[PDB]
Structure formats: C-alpha cells, structure tokens
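In the block that follows, a single chain appears as structure tokens, in the form deposited in one PDB entry.
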C-alpha cells in the first residue's frame, strides 16, 4: 500500500508493453480526436508579409485503451516529459509559416490520464499563419484570416477530428483587441478534404477582421482635403497678382507631393493600386488643374473687353466649378468604397 509505490508501479506497468509506433484502436475504427482552443492573443497582422501571429492553448483529447488503470480515483496528471513516451496525434497546422512550443522554465505541455484510458494533451503555441489579404479597398477593408488544422500521416480512415464542445470549442476570441483591427466574428468548420494521397480530416478556424479607419481620416484624407481647399484660394486672389497666384499654386503641388511621397514610405509597402492611392492621385489632379486654371487665365489676360471680361469670367466659373467637382468626387469615392 501507499501512494508512492502504488502510483509509481502503475505508471511503469502502463508503459511496460506499450508501443508508441501504433495508433490507438489499430485495425478498428478511426481514433476520434477532439480539439479545443483558448486564444491568449493575436499578436500582429502584417499585410506586407501577408500573415498573422497567434498565441493559444491548443488541446487534444482522445482515447487509448492501452492506458486504462484501475483503483486510482484521481485523473493522473503526469510530468510533461512523459509526453515523449506515448502516442499522440500527428496534427499539424497547414497554413503555418513558423511556430514553436513555449519552453521557458519547462516545456509548456501537459498530459492528464483518466481511469478509462482517455488522454488530454495540451500545448501552448505561438504560430505565424499565412493569410490572404485583399488590400484593393485598403484602408476601408475587412479580412478573413483562418487557421487550418490537419492530420499529416493518417487519412480519414485512421484519424477523425471534431471540435470538442461544438461551436463553443474556441474561446478567448471575445477577449482580444488589436490596434488596427476589431474582430467582427469567428467561425468554426470541420471538413473531409481529398487530395493526392487520400481523404484527410481538417478543422478550420476563421476570424473576420474589420479595420479601424479613424487613424487614416486624420493623417491622409483631411490633409489632402485641406491642401486641396487651399488650392481654390488662388481663384479668389486677384489675377493681376501673378506672384501670389503662382506661389500658392506650385507650392501646393510641392505640398501635395510631399504628402504623397512620405505617406507611402511610412504606411506599409504594398506595390499595387489601393483605394487610398486612388484618392491621393484624385487630389493631385485637382491641385494640378487648379494651376493650369491660372495659366489659362494669365495667357488670356495678357495675350488674348475680353482682357478683363474673360479673365474675370474664368475665375468666376472656377470659384464654383472646382468646389462642386470636388464635392462630387468625394461623394462618388465614399459611396463607392464604403456603400458599394
């Protein structure tokens, strides 16, 4: 009698005669592995790299009749160094780019056995997962990043996956905030996927991320709007003041160029057209046209009652045509990218 010997010999008896080279219920139906996740945090989302990083407690739960023990009422919690002496599913994350099990102090793993041979195997994992991101609507976009869980060596005839607990098998997603994004929703899916070497079981976890646009309104849209409005000040300065109409114009072009050049150096480098780029180039045209407007007036003023009539008439039209066309442009832009 006594725990120190009774338990010690029990664990030795279980492993004595065990074979990790052979899956539970071999020859019989597939071993059904139940899975659940507790998401500690979403570290970052990288559009330039097209990936995101998780930290999570990944748990697996299956039955192995070879590990049945009797007499002991406790759910035996063994040292994490025993996990290398037992059969565990060869699960892997399909879209993983780089991941590792945390190891400080001691390797972050756990195995709990129960009298009826059912095994609980837990890990704490940090994984960087690839995510397809469509930035054509950036920064007004939303993204559907996913985590794919699949069995490597075994087809669906040997391994079966299921979300333990159903739709509530993933938790902690409701406890997470990100600087740039906010999780609209998350979905759980289970599938059987057939490809070159057999039908495979797969579990999928998906997050819908909606970007926060307040940052860009303050830094990109309003600056362009105000600099564009300063361009219209030219039409209100008397056309005889050439040195004033000009310095306002070309400097606005330089002001707009500085904004466009350095914004795309600070914000992530994504070399294809985006919604923010269509706006900034759209403004560059308005600043462009507001200065060709004077050049047309100056030539008409000096070179060709027309000298005072046409020169003042063009300004009089430009004072309403330019503001109206910019209002129309914004209306089309916003109702396109936001409401369409």
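Numbering follows the first chain given and starts at 1.
Omitted from view is the form deposited in another entry, to which the following refers.
Peer 1: If one rigid piece of the chain rotates against another between the shown form and the other one, which among 44, 197, 99, 213 sits on the hinge?
Peer 2: The hinge between the moving rigid parts is marked by 213.
Peer 1: Any idea whether residue 45 and residue 271 get closer or farther by CA distance in the other entry, knowing it moves 3 angstroms or more?
Peer 2: It is farther: the C-alpha separation of residue 45 and residue 271 rises by at least 3 Å in the other entry.
Peer 1: Closer or farther: how do the Cα atoms of residue 269 and residue 178 compare in the other entry relative to this form, given a change of at least 3 Å?
Peer 2: Compared with the shown chain, residue 269-residue 178 is farther in the other entry.
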